[PDB]
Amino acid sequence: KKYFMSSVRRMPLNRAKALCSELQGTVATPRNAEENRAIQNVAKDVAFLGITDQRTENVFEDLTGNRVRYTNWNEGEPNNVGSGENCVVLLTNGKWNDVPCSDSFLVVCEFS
């Protein structure tokens, strides 16, 4: 099964990736509602998920370049505000928001 653990500090996506990879895990990517809720259970605040549309705008992929199927976007999202929001966070209500990859948030790592 997948196990999810939340970080204590906030950091941008690249650091988030490095943290999870240090323990041979990856940034959490919910594949269904059950997993999305499991990630919610561990994230005490807005947290990064391992999904981006960095390759092609509005085409969301997990960190291994695999296009995602399940999505749980907050109403009005993804909106790619300003100079661009190509990373994704899980809001405190479980819904998703696209945000700048350079912004800092807690990170939830996934292991199995």
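Rigid core here is just the name for the largest C-alpha set that superposes within 1.5 Å across the two forms. Residue numbers here begin at 1 and follow the sequence given.
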Relative to the presented form, and with the rigid core used for superposition, do the C-alpha atoms of 24-32 or of 56-64 deviate more in 8 other deposited structures of this protein? 56-64
Mean Cα B-factor check, 64-72 vs 77-85, entry values; winner is 77-85
Can you let me know which of the two, 27-35 or 50-58, has the higher average C-alpha B-factor in the entry? 50-58
Is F4 in the lowest, middle or highest third of its chain when residues are ranked by C-alpha B-factor? middle
For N93, the third of its chain into which the C-alpha B factor falls: highest
Entry-reported Cα temperature factor of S104, expressed as the chain third it lands in: lowest
